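Inspection log for the structure reproduced underneath, given as structure tokens.
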Amino acid sequence: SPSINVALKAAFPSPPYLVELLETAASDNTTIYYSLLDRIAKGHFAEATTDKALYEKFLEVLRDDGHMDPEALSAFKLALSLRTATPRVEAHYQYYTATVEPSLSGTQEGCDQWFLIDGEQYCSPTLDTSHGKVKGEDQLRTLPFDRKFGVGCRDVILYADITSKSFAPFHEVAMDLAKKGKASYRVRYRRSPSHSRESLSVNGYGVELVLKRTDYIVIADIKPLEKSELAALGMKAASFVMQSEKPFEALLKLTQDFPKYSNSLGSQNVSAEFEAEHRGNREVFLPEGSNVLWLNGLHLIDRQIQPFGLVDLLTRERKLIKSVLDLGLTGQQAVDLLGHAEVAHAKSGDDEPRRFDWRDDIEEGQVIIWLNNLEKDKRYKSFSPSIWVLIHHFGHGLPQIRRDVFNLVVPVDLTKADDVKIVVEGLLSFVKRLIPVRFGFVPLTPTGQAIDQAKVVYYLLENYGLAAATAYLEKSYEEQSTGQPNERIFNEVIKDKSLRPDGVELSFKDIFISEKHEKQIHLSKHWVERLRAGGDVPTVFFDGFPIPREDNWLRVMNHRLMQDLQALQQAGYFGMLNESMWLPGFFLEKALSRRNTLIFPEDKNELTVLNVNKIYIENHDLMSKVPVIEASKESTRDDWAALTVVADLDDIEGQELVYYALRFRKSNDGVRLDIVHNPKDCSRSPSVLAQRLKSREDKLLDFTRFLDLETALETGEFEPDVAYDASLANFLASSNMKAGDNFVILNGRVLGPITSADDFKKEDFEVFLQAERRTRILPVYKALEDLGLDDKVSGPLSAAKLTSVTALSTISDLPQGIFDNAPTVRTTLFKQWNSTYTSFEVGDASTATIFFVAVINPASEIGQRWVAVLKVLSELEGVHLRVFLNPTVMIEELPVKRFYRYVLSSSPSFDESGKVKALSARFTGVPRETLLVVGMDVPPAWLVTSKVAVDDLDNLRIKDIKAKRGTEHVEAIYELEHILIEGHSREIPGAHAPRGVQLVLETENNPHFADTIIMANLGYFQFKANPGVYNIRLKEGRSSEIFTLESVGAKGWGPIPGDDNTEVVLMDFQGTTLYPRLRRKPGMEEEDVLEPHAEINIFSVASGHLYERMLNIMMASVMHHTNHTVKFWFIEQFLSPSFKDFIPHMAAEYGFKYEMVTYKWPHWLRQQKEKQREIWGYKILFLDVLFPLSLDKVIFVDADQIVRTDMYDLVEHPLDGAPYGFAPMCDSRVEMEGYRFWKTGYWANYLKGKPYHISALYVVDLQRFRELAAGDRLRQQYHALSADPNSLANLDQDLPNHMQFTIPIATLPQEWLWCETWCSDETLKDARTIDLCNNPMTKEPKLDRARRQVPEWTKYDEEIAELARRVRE
Ligand SMILES: *[C@@H]1O[C@H](CO)[C@@H](O[C@@H]2O[C@H](CO)[C@@H](O[C@@H]3O[C@H](CO[C@H]4O[C@H](CO)[C@@H](O)[C@H](O)[C@@H]4O[C@H]4O[C@H](CO)[C@@H](O)[C@H](O)[C@@H]4O[C@H]4O[C@H](CO)[C@@H](O)[C@H](O)[C@@H]4O)[C@@H](O)[C@H](O[C@H]4O[C@H](CO)[C@@H](O)[C@H](O)[C@@H]4O[C@H]4O[C@H](CO)[C@@H](O)[C@H](O)[C@@H]4O)[C@@H]3O)[C@H](O)[C@H]2NC(C)=O)[C@H](O)[C@H]1NC(C)=O
Ligand SMILES: *[C@@H]1O[C@H](CO)[C@@H](O[C@@H]2O[C@H](CO)[C@@H](O[C@@H]3O[C@H](CO)[C@@H](O)[C@H](O)[C@@H]3O)[C@H](O)[C@H]2NC(C)=O)[C@H](O)[C@H]1NC(C)=O
Ligand SMILES: *[C@@H]1O[C@H](CO)[C@@H](O[C@@H]2O[C@H](CO)[C@@H](O[C@@H]3O[C@H](CO)[C@@H](O)[C@H](O)[C@@H]3O)[C@H](O)[C@H]2NC(C)=O)[C@H](O)[C@H]1NC(C)=O
Ligand SMILES: *[C@@H]1O[C@H](CO)[C@@H](O)[C@H](O)[C@H]1NC(C)=O
Ligand SMILES: *[C@@H]1O[C@H](CO)[C@@H](O)[C@H](O)[C@H]1NC(C)=O
Ligand SMILES: [Tb+3]
Ligand SMILES: [Tb+3]
Ligand SMILES: [Tb+3]
């Protein structure tokens, strides 16, 4: 049969199989890593010579040593097929090659392996002699691919080539050294010269064969087009499978070659429509023809449905479920609990407000400057100071009283006129009106002028009084109308208002009081900071209730004022209140001193939870020797909770925090407490202080005073349990905790690091339990009981396992608001659906840990990929899958227009010689007469281009290849040239996308690997790179002038501890996803966009052998026509390898330079299913980011074009401050008018007076383009317009024309373009360049126009033709 074979290979050589197997096996469990490292250092894996034998040996070992069970072994095989660990090993090599070798000066001979201790290299295990002092930049920085074994003050690193036997003795020297406790052990890799430099063959991608002619509709030669009765295709296709009775295989066989089976459907009483019944299924949940996947309730987006994305999900999910099923729950019961209604409700219901302590007490009464006092003002003197005034009657206005009950504190900036106006007009009227509210205001101090004016007003209050200070403010607003202190205005106030300033005497003239400037201003700053009452939008506090200063905040205030009054009334009727009481303190009962703090973060996503069962399984050695206070024997399930405190007992804050936890435990009988001592200094063993407390464990919480706890720590003589020390440092590494840092863990949730123990007091534990209890514990308890699993909770630790697992289930791997429509809410509404005639299951439900629910539409192209991947994941043991087929009756056009193959295996395949088999996409029995297009359906982080192919992948036909090459078999090889580093930026603290910011990617070898600019949409940016250690620096210039980037969010959205870094490392086939943070430098509202290679640069794109042949002619015409230097730029992925291999020969002959450029289409940006449309988008959407920043300007020339001009003239053409220049449509042809569609309603109404331009030739002043941020506007307008499919006929032409109102377009002389179709023959004498624009009444081909229209076209073609033969010979 005539076949097509496609294979993909990586841009880095294949690492040794041995090292790949220990990396795949030990994902991040270090115990399995070093336990296997021992085995190979024995010389145990030396007797296995072939990859198959080596692989075979690992299976026996893992099973025998208890590392893996059937479920985990099956998962290991699939991940090993995927070759997931290969980029992780290459990271070591790139790091070693670029940072180790240039920092290790000297002559290396015999130093294959060497430890690095105190910046000294030792080539021998005996450690007697040191070769050198390794350069400055410290290699002791712990980075992503590192592993640590044991605890030790000294840090030792071994760079080894594991392959040879020379490794074994070196390892044992440091393994034992770590076992003793002298130093902590870690292994780094060295590129092994025993292995060959063969490239790596990859899998986990898909190949598509797209039909490029779909117009026809009314073994295989061509698909037979049938009369347009498309409507039943999905419905009949679904039945075919149900009938088969081997349904999974049928769907795969049908869905892969679907276009070929279209006419074969609808035959022999085909419908069998019993499943018209299952549209009762449609009537309750999903619309017809929609593809939806669930993994234990989790709704997955399309990006997560690849082999890599799915393997990582199972890994995380199993850890979660296994933890649950150790309490006697079936996998089925466990999943049902995770996706329960009460659980999802809690995530939705975690948005409630509270009150905060607005008082002066902390700042010793020197920050709030009140305009009122209702108890002593001689305005309210007439009114009654009675409680019953509030409680009784009241109309609709406000009840008058002489008492302190309602307060309002508003922070005001004295530099800003609008802010000052609020106090003078707003606040004062309320005073005069005798409103029963006390009005206060605190100045904001963000600038120098503001600081001074706070001093001025504060001083004026202190000696002279409120009215005098008031007077300065009033006068300043009307009289001077600016913030800055005015003495011309100030002195007038003192002139009259300076009468008898009582109390402490006046000082006058200049203020720099050590107390007044320092204490008052810094105390004010302490109040604003404490309650986060400043920034872009300040915060007003009414009765401790935050109301941001926006819109009509007084309307919001009045609503709470009435609601607080009704709250006082009800307490009065119950007799709670008395005449001797401070009424404002009724609200302050549950108020917190600090607003935000790690417990109630304003960023709702900021949260970290750990698997509790995991904590007591991995660290059993540690957690069975920690001081434990069991929760009371006679307490209720609702009262139950588990708390663990991590603290540095060698610091006051560390031991203070534990005293508060012990205090809290005395009060709450239901809590079960654990104490973990985490010290900063490793000189003394951590086990001693833990042993001191476990002896006093019985006597715990009998500490009348704090000293009793302090003394207990110091007394006693103990023997260091070094086994305890080892499990302790493993716990911190697993939990991402630094040494000497304080943390608090209630039911898995971590808060910290605690810098000061005053932040977390006994009262803070009580609210932490109260809120945590509500959100996580109560929804678990209800849901659990609803299922009848409430027998399985046997204690506080037993309960924490369940609540901690369900909290981890609702934390997304992908932060909300950046990818697509799929939140972190596990649904269960598909369980209601009837399943008899649309569903089929694979795997045992009783034993399965993983439950997949796929809802696939057979007529969809997306379904083709889904089926192929799901079949391979179904082959895994312990996985259950259930499939639902839902087709649509709405089919206006052909449903599937392509053939599909997925390259993926569930277990590795081996050679006749035992080597690992490479994987390929082989299509057999391909129709001989159909024209096809080859496409790669590659994971989102991948950048792929064709490397080996002699055929036109854009125009494939077997009949032509047979008649030209003699073979019916086509083979093509692609290269995974780059892997993406992509991220989503944000400004700090007022989080906005910093657009126009420039970035530079670097390595220790070269400081300029790559460069890109930040986009407006999601602060998006990307880099093309391979495995290794990189760094991101802001480009020198305006970017570094305005900003400083605190972090690149390499761990997650965060901020997570340990991420205050600018280092990026890629060690995965999923690339690197980043969430960087940038904070503006001192007092800036600046913008980059506004100011405070070769002589000629031409770029183009071609999508066929003909268009590439025409592109060769275009470049040659330029060269013959200019006495200048030219550089050509190409869109890399749309070109053939035949063209790619030819250009150096064109460059040598014609004397030009060339560079390949590309950018991957963003995930947020709207895709193009039609390749020709993709190409058009590449010319207009990514102009600012496709070319390096160093390029001033570029010119686009179409492939079909020919140029007779010296192209420099276009560069020198004045653009009059416009970012890009285009040439207009020809008017010169007299009788062509009918086909001039840009004089019709839509185009003439829109283009009022502006021209209709041509995208065949144009100039882009790139520096101005980026400066104007034109690209962002093009992209968002495209995305918005693209919702309607008939929006842009030719987007390349239509987008600049639709944006010429918004973005200026410089218009070019029409000498710059000629086209026979629209320009007269007389015009061509003065023509500079010629486009071969379409017919449009005829079908004459481009080859015909070229020879007839231009006589020198053949001369150029002959030159290329003989050179191609000259190269071939
Ligand atoms: C990451 O990588 C690792 C790589 O190895 C993966 O593999 C796992 O490794 C760990 C070690 O790192 C293995 O851990 C085993 O833990 C057992 C714990 O079981 C005890 O505790 C439970 C608590 O619920 C209890 O139910 C059990 O009965 C059992 O016992 C306790 O019971 C009481 C309650 O705790 C307690 O009062 C009692 O004193 C007793 O504790 C004793 O044993 C403790 C063992 O650590 C010891 O610390 C105590 O001081 C006390 O002596 C543990 O029992 C296992 O030890 C085995 O190890 C040898 C192999 O069997 C054997 O020589 C030992 O004698 C001991 O045998 C005991 O268990 C068997 C039954 O299994 C029994 O027949 C014997 O009579 C003995 O009681 C291990 O230390 C773990 O097993 C590895 N596999 C798995 C599948 O987890 C790890 O999985 C990777 N991570 C992930 C996420 O995959
Ligand atoms: C007026 O009303 C209050 C109601 O709030 C009456 O109760 C007493 O109020 C005081 C506070 O003003 C309470 O003191 C507090 O006690 C707790 C412990 O319960 C302690 O933690 C606090 O630090 C503070 O000391 C007091 O307990 C409370 N009850 C009694 C019996 O005094 C108050 O009695 C009323 N006034 C009169 C004179 O009746
Ligand atoms: C690229 O550069 C070359 C060199 O400057 C340009 O060549 C030009 O071609 C004309 C052909 O008639 C030259 O004229 C001849 O000069 C010789 C000098 O010995 C003389 O003997 C002949 O009788 C005749 O006059 C001319 O010198 C030369 N330079 C210029 C400036 O015209 C070539 O045209 C350039 N290409 C393009 C497209 O501009
Ligand atoms: C369809 O198949 C055969 C065709 O002859 C017929 O005997 C049978 O009754 C039909 N069944 C249905 C359900 O239409
Ligand atoms: C499922 O089928 C039964 C058949 O009796 C029907 O009563 C029920 O309403 C159906 N439910 C759905 C959701 O289709
Ligand atoms: Tb002491
Ligand atoms: Tb303290
Ligand atoms: Tb053209």
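Ordered as shown in the structure tokens, chains take letters A, B, and onward, while each chain numbers its residues from 1 and ligands are numbered from 1 in the order shown.
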
For ligand 2, collect every residue having any atom at a distance of at most 10 Å from a ligand atom (counting only C-alpha atoms and all ligand atoms); output as a ChimeraX atom specification. /A:575-583,585-586,589

Store the residues of this selection in a file with N, CA and C atoms, as a PDB file, in the first residue's frame.
```
ATOM      1  N   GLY A 575     -30.939  43.208  76.519  1.00  0.00           N
ATOM      2  CA  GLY A 575     -30.293  43.720  77.715  1.00  0.00           C
ATOM      3  C   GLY A 575     -28.785  43.589  77.729  1.00  0.00           C
ATOM      4  N   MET A 576     -28.173  43.338  76.560  1.00  0.00           N
ATOM      5  CA  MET A 576     -26.721  43.189  76.450  1.00  0.00           C
ATOM      6  C   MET A 576     -26.013  44.487  76.813  1.00  0.00           C
ATOM      7  N   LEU A 577     -26.590  45.615  76.399  1.00  0.00           N
ATOM      8  CA  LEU A 577     -26.030  46.934  76.611  1.00  0.00           C
ATOM      9  C   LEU A 577     -26.350  47.539  77.971  1.00  0.00           C
ATOM     10  N   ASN A 578     -25.467  48.432  78.435  1.00  0.00           N
ATOM     11  CA  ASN A 578     -25.635  49.208  79.660  1.00  0.00           C
ATOM     12  C   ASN A 578     -25.185  50.661  79.464  1.00  0.00           C
ATOM     13  N   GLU A 579     -25.618  51.569  80.353  1.00  0.00           N
ATOM     14  CA  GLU A 579     -25.284  52.993  80.300  1.00  0.00           C
ATOM     15  C   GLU A 579     -23.788  53.274  80.497  1.00  0.00           C
ATOM     16  N   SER A 580     -23.081  52.389  81.201  1.00  0.00           N
ATOM     17  CA  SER A 580     -21.645  52.527  81.410  1.00  0.00           C
ATOM     18  C   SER A 580     -20.944  51.599  80.422  1.00  0.00           C
ATOM     19  N   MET A 581     -20.767  52.061  79.179  1.00  0.00           N
ATOM     20  CA  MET A 581     -20.169  51.235  78.141  1.00  0.00           C
ATOM     21  C   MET A 581     -19.609  52.069  77.019  1.00  0.00           C
ATOM     22  N   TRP A 582     -18.510  51.604  76.425  1.00  0.00           N
ATOM     23  CA  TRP A 582     -17.979  52.269  75.257  1.00  0.00           C
ATOM     24  C   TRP A 582     -18.666  51.581  74.107  1.00  0.00           C
ATOM     25  N   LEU A 583     -19.580  52.296  73.462  1.00  0.00           N
ATOM     26  CA  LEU A 583     -20.363  51.763  72.359  1.00  0.00           C
ATOM     27  C   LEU A 583     -19.544  51.376  71.115  1.00  0.00           C
ATOM     28  N   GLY A 585     -16.801  49.913  70.847  1.00  0.00           N
ATOM     29  CA  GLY A 585     -16.170  48.634  71.168  1.00  0.00           C
ATOM     30  C   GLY A 585     -17.059  47.408  71.050  1.00  0.00           C
ATOM     31  N   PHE A 586     -18.341  47.619  70.744  1.00  0.00           N
ATOM     32  CA  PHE A 586     -19.290  46.537  70.480  1.00  0.00           C
ATOM     33  C   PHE A 586     -18.937  45.898  69.121  1.00  0.00           C
ATOM     34  N   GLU A 589     -15.127  44.045  68.987  1.00  0.00           N
ATOM     35  CA  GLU A 589     -15.048  42.770  69.692  1.00  0.00           C
ATOM     36  C   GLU A 589     -14.315  41.720  68.849  1.00  0.00           C
TER      37      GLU A 589
END
```

Surrounding residues of segment 1063-1070 of chain A excluding itself and chain neighbours under 6 positions, 6 Å, only C-alpha atoms, as JSON, numbers by chain: {"A": [87, 88, 91, 941, 1027, 1028, 1029, 1030, 1031]}

For segment 745-756 of chain A, please output as a count of residues only all residues within 6 Å (counting only C-alpha atoms; exclusion window: fewer than 2 positions along the same chain). 16

Run DSSP on the backbone of this structure and report the residues of segment 847-1060 of chain A it assigns to alpha helix (DSSP H), as a list in words. residues 862, 863, 864, 865, 866, 867, 868, 869, 870, 871, 872, 873, 874, 958, 959, 960, 961, 962, 963, 964, 965, 1038, 1039, 1040, 1041 and 1042 of chain A

Shell of 12 Å around residue 702 of chain A, only C-alpha atoms, local chain residues under 2 positions omitted, as a VMD selection string: chain A and resid 659 662 to 663 665 to 666 696 to 700 704 to 709 712

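A straight line drawn from atom CA of residue 267 of chain A to atom CA of residue 888 of chain A is 19.2 Å long.
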
Name the residues, by chain letter and number, that sit within 6 Å of ligand 5 using only C-alpha atoms and all ligand atoms, and give them as a list in words. residues 278, 280, 281, 832, 833 and 834 of chain A

For the selection just defined, write its residues with N, CA and C atoms to a file, as a PDB file, in the first residue's frame.
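This went into result-v3.pdb:
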```
ATOM      1  N   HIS A 278     -31.404   9.147  24.461  1.00  0.00           N
ATOM      2  CA  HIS A 278     -30.350   9.809  25.211  1.00  0.00           C
ATOM      3  C   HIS A 278     -30.209  11.294  24.943  1.00  0.00           C
ATOM      4  N   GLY A 280     -32.486  13.110  26.283  1.00  0.00           N
ATOM      5  CA  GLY A 280     -32.917  13.426  27.626  1.00  0.00           C
ATOM      6  C   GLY A 280     -31.646  13.755  28.400  1.00  0.00           C
ATOM      7  N   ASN A 281     -30.499  13.138  28.006  1.00  0.00           N
ATOM      8  CA  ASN A 281     -29.155  13.403  28.475  1.00  0.00           C
ATOM      9  C   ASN A 281     -28.780  14.797  28.007  1.00  0.00           C
ATOM     10  N   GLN A 832     -25.897  11.591  36.534  1.00  0.00           N
ATOM     11  CA  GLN A 832     -27.338  11.523  36.316  1.00  0.00           C
ATOM     12  C   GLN A 832     -27.673  10.931  34.951  1.00  0.00           C
ATOM     13  N   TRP A 833     -26.819  11.183  33.951  1.00  0.00           N
ATOM     14  CA  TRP A 833     -26.989  10.726  32.582  1.00  0.00           C
ATOM     15  C   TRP A 833     -27.216   9.222  32.419  1.00  0.00           C
ATOM     16  N   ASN A 834     -28.210   8.839  31.596  1.00  0.00           N
ATOM     17  CA  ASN A 834     -28.461   7.443  31.243  1.00  0.00           C
ATOM     18  C   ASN A 834     -27.304   7.018  30.334  1.00  0.00           C
TER      19      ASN A 834
END
```

Please identify the residues whose atoms come within 12 Å of ligand 3, using only C-alpha atoms and all ligand atoms, and report them as an NGL selection string. :A and (1116-1125 or 1203-1208)

Ligand 4 neighbours within 9 Å using only C-alpha atoms and all ligand atoms, as a PyMOL selection string: chain A and resi 268-273

Please write out the residues within 8 Å of ligand 8 as number ranges by chain, counting only C-alpha atoms and all ligand atoms. A: 1198-1201, 1256, 1331-1334

With N, CA, C and O atoms retained, could you export that selection as a PDB file, in the first residue's frame?
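That gives us out-v3.pdb:
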```pdb
ATOM      1  N   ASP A1198       6.436  40.492  -1.364  1.00  0.00           N
ATOM      2  CA  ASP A1198       5.756  39.222  -1.617  1.00  0.00           C
ATOM      3  C   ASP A1198       6.611  38.283  -2.478  1.00  0.00           C
ATOM      4  O   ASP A1198       7.422  38.749  -3.275  1.00  0.00           O
ATOM      5  N   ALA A1199       6.454  36.962  -2.285  1.00  0.00           N
ATOM      6  CA  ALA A1199       7.218  35.937  -3.001  1.00  0.00           C
ATOM      7  C   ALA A1199       7.090  36.029  -4.520  1.00  0.00           C
ATOM      8  O   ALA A1199       8.085  35.908  -5.228  1.00  0.00           O
ATOM      9  N   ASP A1200       5.875  36.267  -5.018  1.00  0.00           N
ATOM     10  CA  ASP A1200       5.602  36.390  -6.453  1.00  0.00           C
ATOM     11  C   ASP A1200       6.165  37.670  -7.103  1.00  0.00           C
ATOM     12  O   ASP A1200       6.185  37.782  -8.328  1.00  0.00           O
ATOM     13  N   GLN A1201       6.596  38.631  -6.286  1.00  0.00           N
ATOM     14  CA  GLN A1201       7.115  39.907  -6.748  1.00  0.00           C
ATOM     15  C   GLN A1201       8.480  39.847  -7.404  1.00  0.00           C
ATOM     16  O   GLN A1201       9.227  38.889  -7.223  1.00  0.00           O
ATOM     17  N   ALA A1256       1.170  43.505  -0.527  1.00  0.00           N
ATOM     18  CA  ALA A1256       2.235  42.809  -1.241  1.00  0.00           C
ATOM     19  C   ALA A1256       3.603  43.430  -0.918  1.00  0.00           C
ATOM     20  O   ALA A1256       4.603  42.716  -0.850  1.00  0.00           O
ATOM     21  N   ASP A1331       3.654  43.142  -8.596  1.00  0.00           N
ATOM     22  CA  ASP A1331       2.998  42.014  -7.944  1.00  0.00           C
ATOM     23  C   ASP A1331       2.203  41.285  -9.017  1.00  0.00           C
ATOM     24  O   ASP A1331       1.700  41.907  -9.960  1.00  0.00           O
ATOM     25  N   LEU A1332       2.073  39.972  -8.872  1.00  0.00           N
ATOM     26  CA  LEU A1332       1.268  39.187  -9.789  1.00  0.00           C
ATOM     27  C   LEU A1332      -0.058  38.981  -9.068  1.00  0.00           C
ATOM     28  O   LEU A1332      -0.247  37.941  -8.438  1.00  0.00           O
ATOM     29  N   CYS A1333      -0.936  40.006  -9.064  1.00  0.00           N
ATOM     30  CA  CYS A1333      -2.219  39.858  -8.372  1.00  0.00           C
ATOM     31  C   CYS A1333      -3.153  39.000  -9.172  1.00  0.00           C
ATOM     32  O   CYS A1333      -3.110  38.996 -10.404  1.00  0.00           O
ATOM     33  N   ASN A1334      -3.997  38.266  -8.452  1.00  0.00           N
ATOM     34  CA  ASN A1334      -4.954  37.307  -8.960  1.00  0.00           C
ATOM     35  C   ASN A1334      -5.814  37.815 -10.121  1.00  0.00           C
ATOM     36  O   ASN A1334      -6.083  39.012 -10.254  1.00  0.00           O
TER      37      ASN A1334
END
```

Can you work out which residues are within 8 Å of ligand 1, considering only C-alpha atoms and all ligand atoms, and then hand them over as a PyMOL selection string? chain A and resi 26+29-32+35+65-69+319+614+617-618+620-621+624

Choose the residue, out of A:336, A:1212, A:479, A:28, that has the smallest atom-to-atom separation from residue 1195 of chain A; count only C-alpha atoms. A:1212

Please return as a ChimeraX atom specification the residues found within 7 Å of ligand 6, counting only C-alpha atoms and all ligand atoms. /A:707,710-711,714

Print the selection's residues with C-alpha atoms to a file, as an mmCIF file, in the first residue's frame.
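Final output, saved to part.cif:
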```cif
data_model
loop_
_atom_site.group_PDB
_atom_site.id
_atom_site.type_symbol
_atom_site.label_atom_id
_atom_site.label_comp_id
_atom_site.auth_asym_id
_atom_site.auth_seq_id
_atom_site.Cartn_x
_atom_site.Cartn_y
_atom_site.Cartn_z
ATOM 1 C CA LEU A 707 10.099 31.089 81.329
ATOM 2 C CA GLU A 710 12.377 28.472 77.948
ATOM 3 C CA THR A 711 13.988 26.623 80.900
ATOM 4 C CA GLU A 714 17.891 24.320 78.079
#
```
